[PDB]
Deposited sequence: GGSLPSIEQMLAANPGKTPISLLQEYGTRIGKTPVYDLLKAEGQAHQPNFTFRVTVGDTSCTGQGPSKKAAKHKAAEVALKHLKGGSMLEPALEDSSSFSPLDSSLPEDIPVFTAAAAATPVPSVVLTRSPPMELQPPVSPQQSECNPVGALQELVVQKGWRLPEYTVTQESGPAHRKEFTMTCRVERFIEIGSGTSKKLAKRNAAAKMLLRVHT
């Protein structure tokens, strides 16, 4: 024995990872390697679209998204199935500036999460209002802190 879990069980063993990384682990057991190809790269520089294809043995599938991370993610998940066979920060800036208040400021108040995934806690400050948010990135903690503050400063 000592063999790896089934292709269904490995999904539940590491559901926090991308389907790309699970295909990279599964490929070695079957003697295949998931080859990744960029099928499309176009956009109006404001709403672009990308396409990825993945190849595993005698099978290949595609996926798309507004970024190469989202497009590769969709193409990878599709292979496992066959193998199993507006800005809140900007909206706040417009609100604070329209009411005649001073510009907002952002500062990190905490850090957590292991370095392979990370997390952050960010604070927002306004002329008299203050609020906090969190996320896997400083900008992502900022967008959350702004989203909660939009409820604080608005009616």
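Missing from the model, relative to the deposited sequence, is only the stretch 86-145.
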